[PDB]
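Peer 1: Chains from the complex, first installment, not repositioned:
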Amino acid sequence: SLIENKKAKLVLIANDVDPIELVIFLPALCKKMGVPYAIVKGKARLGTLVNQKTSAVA
């Protein structure tokens, strides 16, 4: 949604998501709404910065 409203300055996307479709679009989305994104390793790693187990996005 934050991307849908152009409000995101930068998005990060875990490359490991089991329902791969959960994410697939985000690149196409961030492209369409002019957000710079970067598919980054570990849904694990995003978890640690945000205090969850996983995180999928950030």
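Peer 2: Arrived safely. Residues are numbered from 1 along each chain as shown, chains lettered A, B, ... in the order given.

Peer 1: switch to C-alpha atoms for all contacts and neighbour counts from now on
Peer 2: Will do.

Peer 1: Flag every buried residue along the longest helix anywhere in chain A.
Peer 2: What stands out as the longest helix in chain A, according to DSSP state H, is helix A:21-32. Using 16 or more other Cα atoms under 10 Å as the burial criterion, the residues of helix A:21-32 that qualify are A:23, A:26-27, A:30.

Peer 1: outside of that helix, which residues touch it?
Peer 2: A:3-4, A:13, A:17, A:36-37, A:56 (Cα atoms under 8 Å, 6 or more residues apart in numbering).

Peer 1: Quick one: distance of it to the chain centre.
Peer 2: Computed by Cα atoms, centre = their mean, to the nearest Å, the chain-centroid distance of helix A:21-32 equals 8 Å.

Peer 1: Based on its surroundings, how many neighbours for residue A:16?
Peer 2: Residue A:16 is flanked by 16 other residues according to other Cα atoms under 10 Å.

Peer 1: related to what we said a few turns ago, out of the contacts of helix A:21-32, which is most surrounded?
Peer 2: The most neighbours of any of those, using other Cα under 10 Å, belong to residue A:13, which has 22 neighbours.

Peer 1: ok now do that residue, which residues does it touch?
Peer 2: A:23, A:37-40, A:43, A:56-58.

Peer 1: before we move on, what about residue A:43?
Peer 2: Residue A:43 neighbours (Cα under 8 Å, 6+ apart): A:13-17, A:54-57.

Peer 1: Sort out for me which of the residues you listed are in helices.
Peer 2: Using DSSP H, no member of the contacts of residue A:43 sits in helices.

Peer 1: In strands, which of the residues you listed appear?
Peer 2: Within the contacts of residue A:43, residues falling in strands by DSSP state E are A:13-14.

Peer 1: The residue located most distally from the centre of chain A and residue A:44: what is the separation?
Peer 2: Distance from the C-alpha centroid of chain A peaks at residue A:51, with 15.9 Å (Cα atoms, centre = their mean). Distance, residue A:51 to residue A:44, using Cα to Cα, to the nearest Å: 10 Å.

Peer 1: Check residue A:57 too.
Peer 2: Noted for residue A:57: a distance of 11 Å to residue A:44, by Cα to Cα.

Peer 1: Give me the more crowded residue out of the two.
Peer 2: Using other Cα under 10 Å, the more surrounded residue of residue A:57 and residue A:44 is residue A:57, with 18 against 15.

Peer 1: who's that one bridged to?
Peer 2: Legend: beta-bridge partners of residue A:57 under DSSP bridges are residue A:13.

Peer 1: Let's add chain B too:
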Amino acid sequence: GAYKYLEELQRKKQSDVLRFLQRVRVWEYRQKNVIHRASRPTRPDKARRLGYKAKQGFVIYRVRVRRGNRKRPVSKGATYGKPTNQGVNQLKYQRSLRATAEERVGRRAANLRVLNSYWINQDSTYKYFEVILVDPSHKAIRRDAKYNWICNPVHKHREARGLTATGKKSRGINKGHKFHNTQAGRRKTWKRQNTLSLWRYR
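Peer 2: Adding chain B to the chains above:
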């Protein structure tokens, strides 16, 4: 909103990306058990529309069923009787494959209460169904009034009676003119209209 994408993605099913993710998954499940526990629902949207919630007591169980018709068992094709019912082969079990999946996991996971199910994949051999199940024993459910209903005793094996969604279709329970012969219930309306009703004064 992530869901409306996934919602409207999944509908593109012969799509280059989905066909890949299909063929890859129909391997994962082919190699796993026939009724094995899905750690999380692989159509999280589809799930959560069908009353899945990501909270304790809710579960998802994948399950596999054989595609194709029912064979009338009868030794050797010896049906015995009016050639009408010599039919062994092209014969079609009236409960869906969806339901049979819900039912098979029901008896496996007796403590759980099926809530709904949804289609994942299929192939030659099998349809695959993600079945969402819920634990009326468990408290998170029993307290919170949104789910609490499912804990009542009149939802013990909703799948078996055909109180699941698939069940109610297969029972032929819509409103309207296209569904007279079953509406309250097939064996009901019959047993209402195949009754002689006699008053005191006739």
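
Peer 1: now that chain B has been added, could you go back to the buried residues of helix A:21-32?
Peer 2: Residues A:21-24, A:26-27, A:29-30 are the ones in helix A:21-32 that count as buried (16 or more other Cα atoms under 10 Å in any protein chain shown).

Peer 1: from those residues, which is closest to residue B:87?
Peer 2: Sorting the buried residues of helix A:21-32 by distance to residue B:87 puts residue A:21 at the head of the list, at 44.9 Å, by Cα to Cα.

Peer 1: picking that back up, which ones are touching the residue farthest from the centre of chain A?
Peer 2: Neighbour list for residue A:51: empty [criterion: Cα atoms under 8 Å, 6 or more residues apart in numbering or on different chains].

Peer 1: got the CA coordinates for the strand or helix carrying residue B:4 in CSV?
Peer 2: Using DSSP states H and E, residue B:4 falls within helix B:2-10. The C-alpha trace of helix B:2-10 is given here as CSV (Å, rounded to 0.1, in the frame of the first residue of the first chain):
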residue,chain,number,x,y,z
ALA,B,2,-0.9,-7.3,-1.2
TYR,B,3,-4.0,-9.5,-1.4
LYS,B,4,-5.8,-8.0,-4.3
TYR,B,5,-2.7,-8.6,-6.4
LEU,B,6,-2.4,-12.3,-5.4
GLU,B,7,-6.2,-12.5,-5.8
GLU,B,8,-5.9,-11.2,-9.3
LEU,B,9,-2.6,-12.9,-10.1
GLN,B,10,-3.7,-16.4,-9.2
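
Peer 1: Output the contacting helices and strands for that helix.
Peer 2: Secondary-structure packing of helix B:2-10 (3 or more Cα pairs under 8 Å, 6 or more residues apart in numbering or on different chains; DSSP states H and E): helix A:21-32, helix B:44-49.

Peer 1: would you turn these into a markdown table with distance to residue B:197?
Peer 2: Formatted as a markdown table, these follow (distance: least, Cα to Cα, whole Å):
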| stretch | distance to residue B:197 |
| --- | --- |
| helix A:21-32 | 59 |
| helix B:44-49 | 45 |
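
Peer 1: could I get stretch A:26-40 in PDB with only the CA atoms?
Peer 2: Backbone C-alpha positions of stretch A:26-40 (Å, rounded to 0.1, in the frame of the first residue of the first chain) are rendered in PDB as follows:
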ATOM      1  CA  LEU A  26       6.600  -6.000  -6.000                       C
ATOM      2  CA  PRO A  27       9.300  -5.400  -8.600                       C
ATOM      3  CA  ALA A  28       6.600  -4.700 -11.200                       C
ATOM      4  CA  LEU A  29       4.700  -2.600  -8.700                       C
ATOM      5  CA  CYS A  30       7.700  -0.600  -7.500                       C
ATOM      6  CA  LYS A  31       8.500  -0.100 -11.200                       C
ATOM      7  CA  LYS A  32       5.100   1.200 -12.000                       C
ATOM      8  CA  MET A  33       4.900   3.700  -9.000                       C
ATOM      9  CA  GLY A  34       8.500   4.800  -9.300                       C
ATOM     10  CA  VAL A  35       9.900   3.300  -6.100                       C
ATOM     11  CA  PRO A  36      13.500   2.100  -6.000                       C
ATOM     12  CA  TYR A  37      13.600  -1.400  -4.600                       C
ATOM     13  CA  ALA A  38      16.200  -4.100  -4.100                       C
ATOM     14  CA  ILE A  39      15.600  -7.800  -3.800                       C
ATOM     15  CA  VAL A  40      17.900  -8.600  -0.900                       C
END
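
Peer 1: tack on chain C:
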Amino acid sequence: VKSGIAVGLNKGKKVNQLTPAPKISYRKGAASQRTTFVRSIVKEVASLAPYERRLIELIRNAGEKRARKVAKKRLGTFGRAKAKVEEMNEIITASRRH
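Peer 2: With chain C added, the chains above now look like this:
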């Protein structure tokens, strides 16, 4: 409008007709910003279907009559083959043409 008799085209009894406000449901066939936009994202993913690809390659060739006669088979009603073969034309002419 009602002709004021039992038999006819307009038929029957005269009344003070108007009006029921259009119940919210009736609508539905407004596409609405969201659905279009999401669908427009999920048109750039993940390509056409293999009949839809068979369609626009068949539309570039002997491209109508034959297209609808195929899309009736690879869909259901002729009524939806109209919609799809019409839709294909718009996928042909928007992206590839112009």
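
Peer 1: Same as before for the buried residues of helix A:21-32, with chain C this time.
Peer 2: Using 16+ other Cα under 10 Å as the test for burial, helix A:21-32 gives A:21-27, A:29-30.

Peer 1: List the contacts of the helix holding residue B:4.
Peer 2: A:1, A:21-22, A:25, B:18, B:45-46, C:35, C:38-39, C:42.

Peer 1: Tell me the gap between that helix and the middle of its chain.
Peer 2: Here the centre of helix B:2-10 is set off from its chain's centre by 23 Å, with Cα atoms, centre = their mean.

Peer 1: What residues of the helix or strand that it is followed by count as buried?
Peer 2: Next in sequence after helix B:2-10, counting helices and strands by DSSP H and E, comes helix B:16-31. Using 16+ other Cα under 10 Å as the test for burial, helix B:16-31 gives B:16-18, B:21-22, B:25-26, B:29.

Peer 1: contacts with chain A among those residues, please.
Peer 2: Contacts with chain A within the buried residues of helix B:16-31, counted by Cα under 8 Å from any Cα of the partner chain: none were found.

Peer 1: and residue B:35, how far is that from residue B:42?
Peer 2: Look at residue B:35 and residue B:42: by Cα to Cα, they are 15 Å apart.

Peer 1: wait, what's in contact with the residue positioned nearest the centre of chain B?
Peer 2: When Cα atoms, centre = their mean is applied to chain B, the residue found nearest the centroid is residue B:99 (2.8 Å). Residue B:99 sits next to B:159, B:164, B:166-167 when contact means Cα under 8 Å, 6+ apart.

Peer 1: of all the residues in chain B, which ones are close to chain A?
Peer 2: Contact residues, chain B versus chain A (Cα under 8 Å from any Cα): B:1-2, B:5-6, B:42-43.

Peer 1: returning to what we had before: distance check, the residue nearest to the centre of chain B against chain C.
Peer 2: Separation of residue B:99 from chain C (Cα to the nearest Cα, to the nearest Å): 26 Å.

Peer 1: Look up phi and psi at residue C:96.
Peer 2: When read as degrees, to the nearest 10, the backbone of residue C:96 gives phi -80, psi -60.

Peer 1: Hmm, I typed the wrong one, I wanted residue B:59.
Peer 2: Residue B:59 adopts backbone torsions of phi -150, psi 160, taken as degrees, to the nearest 10.

Peer 1: Next: residue A:39.
Peer 2: Main-chain dihedrals, residue A:39, degrees, to the nearest 10: phi -70, psi 120.

Peer 1: Run a quick neighbour tally on it.
Peer 2: 15 (other Cα atoms under 10 Å in any protein chain shown).

Peer 1: who does it bridge with?
Peer 2: Counting by DSSP bridges, residue A:39 forms beta bridges with residue A:13.
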